[PDB]
Structures are given as structure tokens and as C-alpha cells.
Amino acid sequence: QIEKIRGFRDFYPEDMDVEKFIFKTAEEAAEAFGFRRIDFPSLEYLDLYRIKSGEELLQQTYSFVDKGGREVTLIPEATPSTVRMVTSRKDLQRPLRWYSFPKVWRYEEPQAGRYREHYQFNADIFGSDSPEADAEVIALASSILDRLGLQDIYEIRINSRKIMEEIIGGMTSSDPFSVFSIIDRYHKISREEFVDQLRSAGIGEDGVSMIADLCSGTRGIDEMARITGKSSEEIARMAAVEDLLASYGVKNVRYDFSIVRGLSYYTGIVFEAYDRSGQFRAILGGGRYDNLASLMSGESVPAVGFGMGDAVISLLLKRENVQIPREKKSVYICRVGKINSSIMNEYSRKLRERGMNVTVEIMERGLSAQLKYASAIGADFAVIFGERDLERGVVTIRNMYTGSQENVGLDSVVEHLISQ
Amino acid sequence: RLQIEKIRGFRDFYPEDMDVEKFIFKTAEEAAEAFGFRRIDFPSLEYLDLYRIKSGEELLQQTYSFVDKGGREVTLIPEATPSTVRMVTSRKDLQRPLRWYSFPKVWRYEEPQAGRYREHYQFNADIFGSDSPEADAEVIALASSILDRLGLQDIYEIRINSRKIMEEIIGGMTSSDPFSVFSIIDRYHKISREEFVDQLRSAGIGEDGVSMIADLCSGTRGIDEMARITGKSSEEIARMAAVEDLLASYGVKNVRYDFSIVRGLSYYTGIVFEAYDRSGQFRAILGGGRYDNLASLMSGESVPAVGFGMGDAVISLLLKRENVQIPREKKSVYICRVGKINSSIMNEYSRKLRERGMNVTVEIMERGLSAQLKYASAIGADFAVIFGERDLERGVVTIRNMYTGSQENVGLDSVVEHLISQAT
């Protein structure tokens with residue numbers, strides 16, 4: 001009768017087939033780009049997040065007072081824990097390419113694509129302030145989205161905190177230099193409120209006008225110099241990043257002045273994989289945050305990376321009807337008539353030692369129920385031991401898929417299956 | 001500047017650390033799945049009420065618990081079973097039997113005193129829906145398989161006991177409550193041999209049984225000896241012989257009967273087992289047993305259950321102790337340049353190498369060749385591809401075997417195929 005806290009999920013086998021696929025694809029891709037896995041505690045002291053620029057996720061922390069009187073919280077994100085670890089390894093030659101895939105928590109109201117607990121992949125490069133670093137992490141994100149079977153549903157949209165901190169300064173020197181909070185909601189709120197929020201910030205008509213025009217849709221990077229800022233340095237960097245992206249095979253990336261990102265520790269490039277169908281604005285996203293390390297430890301460490309939650313990916317995988325591949329072939333071993341479990345165990349052992357997943361019948365059920373069960377668990381083959389056929393050193397192998405059956409010599413069972 | 005450290009009792013896992021953890025996860029998962037078990041997961045937070053059925057307020061004090069909005073107590077899960085059981089009894093379309101395994105984190109609010117951690121990866125494998133020898137054996141076989149595949153074969157010994165067995169043997173020596181004696185037996189490795197006897201003799205046990213208990217706790221016995229040592233041939237001893245026989249067909253031999261395994265006997269309803277460390281450093285590397293009554297108490301629905309648990313910490317110490325060599329899935333390649341060379345040409349080839357099953361790390365920082373090779377070595381790359389502008393004009397690139405130290409020129413057109421064939 002005791003139920004699970006609402007907002008949390010249970011993962012039955014079929015649900016985990018999907019999650020595992022997400023874990024495998026993310027991990028294999030990251031390692032292919034040279035990233036190495038790390039992990040950190042799931043609980044931290046709340047004071048860890050009391051940092052200027054890292055106050056966005058502190059808004060929904062699953063915090064509480066341990067029985068020791070101190071305030072703690074389930075981690076809402078992985079970045080600060082990762083940074084604390086980075087600044088503790090001055091022995092490691094740069095760059096540092098680390099990735100993680102921990103659970104993170106957030107006390108928010110559930111909805112299509114979000115729970116209070118989820119698996120979040122993270123990949124970050126520490127130590128390099130180069131365009132190559134910005135491009136590599138974005139290339140890794142695309143690679144993952146592609147290998148997941150989502151290659152045609154997203155668009156890579158980029159921008160930069162420098163490009164957007166000078167534009168709204170190359171016209172309006174209004175000290176509220178970071179109207180960034182306003183632009184972040186451009187796609188959330190209505191156009192009228194957006195125009196007056198920025199207007200009540202102390203921006204002239206021409207300013208509000210261009211800012212609105214710049215936010216409207218995605219544009220080319222090359223035209224950016226034109227429509228504003230005659231070839232600054234950050235614009236040239238974005239161009240370089242675009243070119244570098246093409247070399248990895250990543251194309252159609254687009255500039256979008258409305259791409260800001262919620263987290264406030266971003267200082268350079270910011271990006272998101274936009275869902276072309278319009279269901280999710282950010283399937284994944286990240287950027288460069290060259291000041292977090294200093295703020296937390298006093299050591300300056302350039303950083304660029306991104307995050308990807310499992311919930312939204314699960315939805316897309318289903319929506320786009322992706323086919324989750326199956327690693328090993330599974331064999332279900334049945335029994336009809338009087339047959340010792342021992343001999344079945346012996347052969348299951350032999351099949352396993354040759355790379356196959358084998359499930360043995362242990363229930364006192366008939367052959368009809370056995371095959372029903374075999375099909376219910378998705379076995380690829382059914383090896384049926386029959387008391388009489390065993391006398392003649394024969395066993396029946398059924399192809400659960402085709403429906404085909406054949407008798408097979410005991411000493412040809414292993415090889416016959418391996419050849420399907 | 002100063003830093004807020006992580007909570008005492010918790011661990012950070014650096015790349016080198018995760019190399020070990022990944023091998024444990026991978027080995028456990030593949031073995032479990034090879035036996036037909038299927039992975040599941042569940043919330044890391046549950047209502048504290050979920051644990052009250054199987055544990056008392058005393059044990060429930062070591063949980064990372066707290067009060068929820070509606071004044072409801074919730075906790076970071078201290079173990080996996082109650083959650084797993086709740087899932088078994090929350091969906092009624094589930095076939096039978098159910099072979100499920102999980103490997104999430106679990107938390108325990110305990111002081112860093114007893115060399116442990118407040119958080120660790122806990123692996124659990126259980127068979128639900130079958131009260132048979134076959135099930136008892138499969139679970140134990142799976143545990144052995146995992147220990148052997150971890151490179152820990154030869155250091156552990158499977159030791160089994162049984163509640164029904166202990167009751168028959170104790171009941172035949174005294175009429176008082178059996179558990180009062182299980183407690184003493186439970187103190188066998190803590191008190192003195194002289195004090196042990198006194199306690200056994202205070203519970204109404206003659207020199208007769210007192211002698212058999214002391215002997216039995218001093219050494220393990222074969223399943224055979226039991227029928228005679230206890231002078232009885234009950235159905236329970238045959239059940240264990242039946243299990244031993246089934247284990248043999250799985251390749252699991254030298255199973256021992258250990259009378260002293262009594263912890264949890266109030267929880268378990270049938271067989272219980274542990275993987276004992278020969279080097280006598282850890283009494284139980286992993287373990288479990290049958291607990292056919294938990295499901296009923298939790299849902300009202302009767303559900304036989306057998307399984308075992310295994311922590312990452314102790315496995316981690318054993319791997320180091322036995323100096324186990326951990327394999328590397330793929331070959332690693334580092335690509336760098338000397339002289340002016342476009343980053344794009346390096347990206348192009350790393351993509352081609354990755355699409356061919358290799359892990360590739362491209363140099364993205366400005367630094368001399370010597371420092372680059374030092375870096376390649378630090379990350380354990382197997383090969384380094386050196387792009388030199390002059391050499392590129394001639395269509396060649398230098399490739400060095402990071403282990404041999406040698407290097408050959410290779411045509412761009414053959415870099416991929418060349419590395420693919422090279423095996424260090």
C-alpha cells in the first residue's frame with residue numbers, strides 16, 4: 001500500500017532498456033572523444049551552492065537538515081561538484097575532459113519531460129580557453145544526439161555572453177549591462193511583456209527594436225557583423241567555432257541572439273540543441289563558464305561543457321520511434337517430460353560462456369506456458385530439452401521470431417545458436 | 001580562497017577511481033544479464049514508512065531522513081529491497097518468475113568511525129516467485145560468477161546455513177527460544193571461548209550440544225557430514241544437498257556449511273549464504289538468502305524471494321589487494337601537430353578513427369611536441385598521430401607506438417586502416 005513519492009519514477013525492465021541505451025550511447029561517444037568518467041557525492045552542504053552566478057538551480061533544491069543539524073541538499077546539478085574536484089588536481093596536465101551521468105534532483109512540479117529526479121549526462125573540458133574546446137563539446141553533443149537516432153530533429157543554436165554583453169552596450173550604456181535575464185524569457189513570455197520589461201529597464205525604442213529583431217528567429221553569423229558590431233573579436237570566434245564544427249561534420253549550426261541559458265555562470269559561448277518539431281526548446285545545452293572555478297576556490301580554470309537529461313531524451317526516442325538495438329541474443333531453455341535441472345544448468349553455462357544471455361525454466365509449468373513465458377520475455381531462441389529426444393542426444397531449438405524449429409545434436413547446440 | 005569540502009563519509013571518484021567502479025558495474029551487470037536477470041531502477045527517495053515493516057526504529061535511525069511538506073517522513077534509500085518489493089507488488093501483469101537486478105547508490109547516516117562511507121554503490125540480484133532449490137542455486141551461482149569474472153576466483157568460499165536447519169538443531173538441544181542461542185552464536189567471533197561456553201550453558205544446553213556448537217562454529221562442514229553430525233535426515237538437509245548438487249552443475253564446488261552464519265535469521269525464511277574471504281580480512285564479501293515473508297507483510301500478496309547484495313567498497317579493496325588487471329574496451333589515439341596545421345584536418349581524421357571503433361583525443365592547446373607526448377602518455381594513449389606541416393605536403397603523417405616508442409611515416413590514405421591493424 002505504501003506508494004512512491006509523487007514526481008519520482010520507477011524503472012521496470014522495459015523502462016531500463018531505454019535508459020541503458022541512453023547511458024551506453026552517451027558514455028561511448030564521450031569516451032570516443034577522449035572524455036573520462038567521474039562521479040561525486042549525491043548529497044552536499046547547501047552552502048556549497050551559495051555562489052554568485054550559481055543561484056539558478058538553488059531555486060528548486062531538495063534540501064533539508066541532516067540529523068546533525070547542518071543544511072544539506074541532494075545535488076541539483078553536477079557542475080559545482082565537478083569544479084571542486086577539478087581545482088583539487090593541480091597535478092593533472094591540461095586539458096581535463098571529464099563526463100558524468102549522475103542522478104540530480106529538483107523539487108519542481110512534474111510535467112511531460114520532467115520529474116523531481118532524473119539522470120543527467122555531463123561533459124566538460126577544463127583548462128583550454130580555445131575555440132577548439134567550444135567546438136569539441138558541441139560536436140560531442142551532436143554525436144550523441146545522432147547515435148541516439150535523433151539526427152534530424154535538432155538544430156544547434158549558439159550565442160555568446162560577450163557578443164550579447166557588448167551589443168547591449170554598443171548602443172545603450174545603461175549600467176544594467178546584464179538585461180540577460182530579460183532576453184532569457186523571450187521564448188517564455190508574451191512579446192508585449194518582453195518589450196516593456198526591457199523598456200522598463202531603461203532602453204530606447206531603437207534599442208528595444210533591434211533587441212527584439214535580433215531575438216526573432218535564428219540568423220546567420222556572417223550577417224551579425226553587419227546588423228551590429230563591425231567585426232568584434234567574439235564574432236570572429238563564433239565564426240571560427242562554426243568552421244571547426246563543419247570539420248567534425250556538424251553543419252547548419254545557427255546564431256541565435258535569444259540563446260542565453262538560465263544558469264548565470266556562463267561567460268562565453270552558450271548553446272542548445274533546439275527541437276525542430278517545437279516540443280522542447282532545449283533538448284540539451286551548455287556553454288563556457290570561465291569564472292566558476294575562481295569563485296569557488298580562487299583557482300582560475302577555463303571551462304566549457306553541457307548537460308543532457310534522460311527524461312526529455314526518452315520522450316524523443318519514443319516520439320521518433322527509435323529502434324533500441326539489443327547487444328546479445330537471449331536463449332530460453334525449456335523442459336518437457338522428466339528432465340534434470342542440472343543438465344539444463346550445464347548447457348546454460350556453456351551458452352553463456354560464448355556470449356549469450358540464458359534464462360532457465362525453474363517453474364513447474366507446461367511447455368505451452370513455457371513458450372508463452374519465453375516470448376513474453378523476448379527470448380530469441382528456445383532450446384527445448386525433451387526426456388525422450390535427450391535419450392537420442394537431441395534437443396529442439398525454436399526460433400522465437402521466425403517460428404522455425406529443428407532438432408539439434410547436443411554437441412552442435414552451442415555452434416548452431418551462435419550461427420542463429 | 002577557501003572551499004566548502006564534501007560531507008565527511010562521502011567519496012569523490014576521479015577518472016582512475018571510476019576505472020575500477022566501471023569494471024565492477026560492467027562485470028556485475030553482464031553476469032546478471034547472462035543469467036537472464038533484467039535491470040531495474042527506482043527512486044533514491046522513499047517514504048520512511050516503507051522501511052518500518054522490515055526494520056525497527058532502532059535501525060531506522062541510521063537513515064538520511066527528514067520531514068516532508070505534509071509532515072510526512074521521507075529518506076534517502078538505505079537499501080534496495082523494499083523499493084524492489086514495492087515494484088513487484090505494484091504491477092500485477094508481471095509474469096513469473098522475475099529475475100531483477102539493480103545497482104544504485106544507497107545512503108546511511110553513520111559516523112566515519114567504522115571504516116565505511118555514508119554513500120556507496122549497492123548491487124542487488126533477486127528471483128521473485130519461485131520457492132525451489134533451483135532458485136537458491138541460481139542466485140548463488142550468479143554471485144560466484146560475478147566474483148570469478150571480477151578476477152576474485154580463488155579468494156572466496158561460499159558458506160551456507162539455514163533458518164529451518166538452525167531451528168531443528170537448536171530445538172533439539174533446548175526448549176527455550178532458539179533466537180536467544182542464535183545471539184550467542186552471533187557473538188562467537190567477539191567474546192572468549194571460555195565466555196562462549198558459559199553463555200551456551202546458561203541457555204540450558206548440555207555439554208552435549210555445547211560441544212557440537214563450539215565445534216561447528218570453529219570449522220565449516222560439508223553438506224554430507226550434517227545428516228550424521230546432527231543425527232537426523234530432515235527435508236531441510238536434503239534441500240541443501242539438492243542445492244549443492246545444482247551448484248555443481250553450474251561449476252560451483254567446495255560449498256561449505258557454516259553453522260555460525262546467523263545474522264538476519266529473523267529476516268530470512270530459508271537458505272542464507274555468504275562469500276567468505278580466505279585471507280580472512282572480510283567475513284562476508286557479499287551475501288543474502290531467501291526471504292519469502294517480506295512481500296506479504298508489505299503488500300499482503302505472497303511472494304517467494306531469494307537474492308544477494310554486494311557493496312562496491314569491499315570489492316574495490318579486494319581488486320587492489322589481489323592486484324587484478326582491468327581490461328580496456330578500446331584502443332586510444334592522441335592526435336597533435338607541430339608547425340602550422342589546421343585543427344580541421346585533425347578533427348576530420350579523429351572522426352574517421354572514432355567511426356572505426358577507436359577512442360580519440362585531439363590536442364587543443366598550444367604547446368611543444370615534448371609536452372604533447374608527455375600528455376599522450378599521461379592519458380595512456382596507445383598511439384600518437386603527429387601532423388607536421390612539411391610532412392603533410394608529402395601526404396604523410398608520423399605515427400608512434402606509445403609503448404614501443406618507435407614511429408613510422410604513414411600516408412594519410414592509410415592512417416585509419418593502419419591503426420586498426422596495429423595492436424600495440
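Lettering of chains follows the sequences in order, A, B, ..., and the numbering in each one begins at 1. Only this structure's heavy atoms are used, side chains among them; waters, hydrogens and symmetry mates stay out.
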Can you name the closest pair of heavy atoms from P41(A) and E44(A) and give their distance?
CG-OE2, 3.2 Å

Ring pair (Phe, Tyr, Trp, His ring centres under 6.0 Å) between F196(B) and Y188(B), worked out:
CA-CA 7 Å; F196(B) 186 61; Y188(B) 182 69; 4.8 Å; yes

Here the gap from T73(A) atom OG1 to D47(A) atom CG, rounded to the nearest 0.5 Å, amounts to 11.5 Å

Only residue of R11(B), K22(B), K6(B), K105(B) satisfying salt bridge (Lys or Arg N to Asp or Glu O under 4.0 Å) with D39(A) is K105(B)

Should the pair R221(B) and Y257(B) be classed as cation-pi, given the thresholds of under 6.0 Å to the six-membered ring centre and 45° from the axis?
no

Start with the C-alpha distance between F40(A) and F13(B), add both sets of side-chain angles, then the distance that settles ring pair (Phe, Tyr, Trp, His ring centres under 6.0 Å), and finish with yes or no.
CA-CA 6 Å; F40(A) 29 82; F13(B) 299 85; 9.0 Å; no

If you count every heavy atom of other residues, nucleotides or ligands that lies below 6.0 Å from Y117(B) atom OH, does the total exceed 12?
no

Look at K320(B) together with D17(B) and state whether they make a salt bridge at an N to O cut-off of under 4.0 Å.
no

When you check the side-chain N and O atoms of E73(B) and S65(B), is any donor under 3.5 Å from an acceptor?
no

Can we say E30(B) and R149(B) salt-bridge, meaning some charged N sits less than 4.0 Å from an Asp/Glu carboxylate O?
no

In terms of the angle between their ring planes, are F123(B) and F308(B) parallel, tilted or perpendicular, with boundaries placed at 30° and 60°?
tilted

Taking all heavy atoms of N124(B) and all of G309(B), pick out the closest pair and write down the distance.
ND2-CA, 3.9 Å

Would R335(A) and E361(A) pass as an ion pair if we require N to O under 4.0 Å?
no

Shortest non-hydrogen contact from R39(B) toward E33(B):
CB-OE2, 4.5 Å

Assess whether atom CD of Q1(A) is packed by more than 12 heavy atoms of other residues, nucleotides or ligands within 6.0 Å.
no

Could you tell me if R89(A) sits above the aromatic ring of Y14(B), with its cationic atom closer than 6.0 Å to the ring centre and no more than 45 degrees from the axis?
yes

Report yes or no: do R290(B) and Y268(B) form a side-chain donor-acceptor pair below 3.5 Å?
no

Ignoring hydrogens and geometry beyond distance, is a side-chain donor-acceptor pair present between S162(B) and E236(B) at under 3.5 Å?
yes

Between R84(A) and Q3(B), a side-chain donor and acceptor under 3.5 Å
no

Counting only heavy atoms not in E58(B), do more than 12 fall under 6.0 Å of its CD?
yes

